[PDB]
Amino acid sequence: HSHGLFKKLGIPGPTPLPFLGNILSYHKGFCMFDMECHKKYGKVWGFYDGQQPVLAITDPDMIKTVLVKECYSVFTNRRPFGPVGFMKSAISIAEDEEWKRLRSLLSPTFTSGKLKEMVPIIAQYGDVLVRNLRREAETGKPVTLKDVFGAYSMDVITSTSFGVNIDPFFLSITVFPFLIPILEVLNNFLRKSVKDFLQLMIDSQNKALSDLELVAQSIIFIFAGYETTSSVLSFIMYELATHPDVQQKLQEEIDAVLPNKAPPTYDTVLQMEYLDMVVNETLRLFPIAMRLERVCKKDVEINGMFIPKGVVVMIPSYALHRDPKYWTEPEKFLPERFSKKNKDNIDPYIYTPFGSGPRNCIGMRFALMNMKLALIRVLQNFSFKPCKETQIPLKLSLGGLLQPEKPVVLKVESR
């Protein structure tokens, strides 16, 4: 009863089936579906997540309009996600004025000054990461990176935020979004554990912040602080192993900036350009968000195109990061794309690993620093080679979230 929206507007796209819409095309993942649609319809197309119309845009100006120019006015909130419960007060989930309050309350936590305070604290768990790698390296045995990276990722998020130091169904959500309010009325490790980030959240309480709403942000920061950091670091070391010349050229820069295995400081990390080039190129190949979404809260006509209320505007970050119309040989791992000689030829609204506009990743600078502090301390001590069980080429998880199919396993040799 709503599958004729894009047909009325003259917007191309795949023909939706009743109830299901176009979800059956997700059998190859969100990424392959966006790449195929981008090659079939061009700059703009639409589809249906069940009965929910989703409009996809690939025009950099139109992307700037949604993410930056018309953020506070029209494209303020993402697709409604539930059931969440008390997590509705989370900044990544809150909407409209409730989000505007949380954004300002939590913004001063990721400043250039607050990050510099965490470098002396993070430098501890970097050495634990090396010494935990030193054990599984002297013993000739392939290492699951996401395990030793996830242990480092959780050790950082619990101390930077609080100070603690320690060593299948969403498919029906899109088909049955009417069942989301159902589960809300159908209804703890942290609801009392909360009873630094945690400091400022009470120091931005001295229009203040609640407590159940303080826990919700802490849980959110623990999610993204754990899974995103470990998953990207795994993606990086796979590329460094499958491209040994890049791994060595990176090791040469680390030793030049940090001789005698110097401790990586805040200022020494921002000086390494080839390290940032490797991180940015890996994030181009593997944008863990895959997609950026905004809900059209009222009828608009952006860049000469009518968009009706309720439509979910989507930006296919993965499909744009691998578009041959912007990247030469887009499947190859080439960090020289982000060299200061070639960095100018990159549209910031085509390359969006952290989003754009007022609602981008608030912890972008923290995530870049955390991963760079991890790579520096690890590559200072070890080199990485592919193993017999190393999945080459690496398959992406055909499911929902952006992960490798088989875990990344490489050989570790101590320098």
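Between two forms, the rigid core is defined as the largest C-alpha subset superposing within 1.5 Å. One-based numbering along the sequence shown.
Farther from the shown form on average, by C-alpha root mean square after a core fit in 9 other deposited structures of this protein, is 81 to 89, of the stretches 240 to 248 and 81 to 89. Superposing each structure in 9 other deposited structures of this protein on the rigid core shows that the farther-lying of 310 to 318 and 131 to 139, by root-mean-square Cα distance, is 131 to 139.
Deposited sequence between residue 187 and residue 188: 4 to 9 residues lack coordinates. Count the deposited residues lacking coordinates between residue 195 and residue 196 and you get 10 or more of them. The question of which stretch, 25 to 33 or 383 to 391, has the higher mean Cα B factor is settled in favour of 383 to 391. As the entry records it, the average C-alpha temperature factor is higher for 373 to 381, out of 373 to 381 and 41 to 49. Highest CA B-factor among 301, 147, 336, 331, as stated in the entry: 147. In the deposited coordinates, the residue among 287, 80, 140, 310 with the greatest CA B-factor is 140. In the deposited entry, the Cα temperature factor of residue 273 places it in the lowest third of its chain's modelled residues.
Residue 98: CA B factor lies in the lowest third for its chain, per the PDB record. Compared with the other modelled residues of the chain, the Cα B-factor recorded for residue 323 ranks in the middle third. Residue 151 sits in the highest third of its chain by CA B factor, as recorded in the PDB entry. Ranked by C-alpha B-factor against the other modelled residues of its chain, residue 91 falls in the lowest third.
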